[PDB]
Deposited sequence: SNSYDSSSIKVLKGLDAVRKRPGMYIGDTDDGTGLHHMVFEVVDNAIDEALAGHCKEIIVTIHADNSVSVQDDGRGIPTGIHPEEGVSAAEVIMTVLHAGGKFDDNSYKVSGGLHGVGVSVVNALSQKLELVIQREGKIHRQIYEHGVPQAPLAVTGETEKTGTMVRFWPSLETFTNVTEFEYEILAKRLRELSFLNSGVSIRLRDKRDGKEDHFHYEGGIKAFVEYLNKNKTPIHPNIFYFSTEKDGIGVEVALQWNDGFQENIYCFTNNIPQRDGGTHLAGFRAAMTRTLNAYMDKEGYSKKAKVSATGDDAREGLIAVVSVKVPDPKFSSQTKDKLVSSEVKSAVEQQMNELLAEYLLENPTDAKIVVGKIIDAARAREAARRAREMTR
């Protein structure tokens, strides 16, 4: 019988547990599990982007929980007038609730959906929240998203910040259920490059391992680190940072003598594994600008792929209201960011090539050599 009683409305966080795929991704291969940490980290990084957080401490506890402490402003603790409970509880228990739906609290933020930490809460057998703010320490415990008591003052403090510790639910997560130090370290190291001046610590209470990430030199240094084990073919890393028409575009890149292409794209410090409009705009501008240079200099045929070979690049955009295809933010689907990246790249890359002739001639040589190798491969295939 298919009728009005067949229609069910999922309330609170029930939808997250029912359909975890669309909120956290793969609950079996470990990617979703670690994404739980990243949602919490991203919220602390947003306090850092806002200029309020200078230290983030991530700890893997010996009981397989993870905590993230920041020294930001603290999650608001006061009673939310409409909802009638602490704003912190609203944040933790309500989907599409948060402080990033305008630019008053965070001018630019990786967070935008009002979903992330409420997902972590929904999918955690236990979550502990400690907030330092307005001279007071506040604490609350959740179990499978359900607050055990209202947020309560437990003492006094001169400090501000938020600590979230969570124990993932094994009713949701399967197979890969332990946290992997290196997965967290990779992301935190990257975040240090992306946030100069923010101390990021990782501590593993299981074996005593720890790291302190506080790189200077930003995404240019990130490119150096990424080319460390490789062989850069020219010495001057191309770098710029601009802010035009509301959009920040920061790019660093350098070619090596290998044959892989590694372009790391970020939007408000969140990586897009699956690329997007920023990547599209980067590729379009590289192809145009190199072709223009080779034409002008009489080095001209090479395609976009030949320029890709041996390339390491970091593309980091800052966008007031970006659009991602999912909660996990693997792909940027904002057409105006393609235009911004493409335009800034076309201008500044052309200038780089004019200002650094030694590097330009090396890169042209590399593109030519890639095109020659591609044609030889093609001819060899045809002939078998």
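Residues of the deposited sequence that lack C-alpha coordinates fall in the stretches 1-2, 303-307, 392.
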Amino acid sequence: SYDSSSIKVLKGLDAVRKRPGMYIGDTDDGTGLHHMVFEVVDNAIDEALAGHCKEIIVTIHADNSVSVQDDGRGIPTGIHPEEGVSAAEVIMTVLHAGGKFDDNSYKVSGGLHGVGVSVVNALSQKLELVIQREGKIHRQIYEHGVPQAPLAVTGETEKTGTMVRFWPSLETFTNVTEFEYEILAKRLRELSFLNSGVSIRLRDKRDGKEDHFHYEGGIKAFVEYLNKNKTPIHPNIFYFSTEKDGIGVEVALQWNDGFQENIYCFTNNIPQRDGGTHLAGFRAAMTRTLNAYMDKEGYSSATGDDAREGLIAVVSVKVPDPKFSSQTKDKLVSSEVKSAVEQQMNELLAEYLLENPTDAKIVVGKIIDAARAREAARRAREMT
From here on, numbers count along this sequence of modelled residues.
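Compared with other deposited structures of the same protein, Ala280 does not meet the criterion of being unmodelled in at least one third, since all of those that resolve residues on both sides include it. Across the other entries compared, none leave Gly145 without coordinates where the residues on each side are present, so it is far from a third. Judged by mean Cα B factor in the deposited record, 145-153 ranks above the other of 145-153 and 160-168. In this crystal structure, the stretch out of 372-380 and 357-365 whose C-alpha atoms carry the higher mean B factor is 372-380.
Across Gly135, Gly248, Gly114, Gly281, the greatest Cα temperature factor reported in the deposited entry is at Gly135. Which of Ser118, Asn236, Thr242, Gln260 has the largest Cα B-factor in the deposited entry comes down to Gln260.
Residue-level temperature factors show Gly30 in the lowest third of its chain, judged at the C-alpha atom. Looking at the C-alpha B-factors along this chain, the one for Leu191 belongs to the lowest third.
Ranked within its chain, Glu336 lands in the highest third, by CA B factor from the PDB record. Looking at the C-alpha B-factors along this chain, the one for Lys205 belongs to the middle third. Annotation for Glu89: C-alpha temperature factor in the middle third relative to the rest of the modelled chain, per the entry.
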